[PDB]
Amino acid sequence: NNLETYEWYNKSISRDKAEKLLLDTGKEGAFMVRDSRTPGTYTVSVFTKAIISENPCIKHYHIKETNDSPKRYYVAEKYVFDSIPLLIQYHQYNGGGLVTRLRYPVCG
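For the sequence shown, counting from 1, position 43 maps to 46 in the deposited numbering; every step adds exactly one.
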């Protein structure tokens, strides 16, 4: 379930690389993900060209897990899903409440 198939998912990735890798794209709301640990939560690298100080903008959103039914993973005590793709899917549309949610998943 490494979602190693989502334009946004990035395995073995690090918060440091996803920014650089995401920055390479230059998308507004670029979205990426990186596996972590714990209950099995995944990381989400979201970046959107916009940072007078240091642009573009790349944020790392981790998918928290909450033994639900399924409502397990989530990033903001907002909406917890049974997987990053879904959790990403909802962030790819719903519009979450971050830089710009899954505006555009980015993978390296």
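Note that CB positions come from ideal geometry on N, CA and C, so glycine has one too.
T46 is positioned such that its CB atom lies closer than 8 Å to that of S39. Taking all protein chains in view, the Cβ of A53 is surrounded by fewer than 16 other Cβ atoms within 10 Å, so the residue is classified as exposed. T51 has its alpha-carbon roughly 23 Å from the corresponding atom of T44. In the DSSP assignment, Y93 falls within the alpha helix (DSSP H) that extends over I87 to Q95.
Counting only unbroken stretches of 3 or more residues, the beta strand (DSSP E) elements lying wholly within the segment 46-71 are 61-65, in sequence order. Only buried fits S48, as 16 or more other CB atoms lie within 10 angstroms of its CB.
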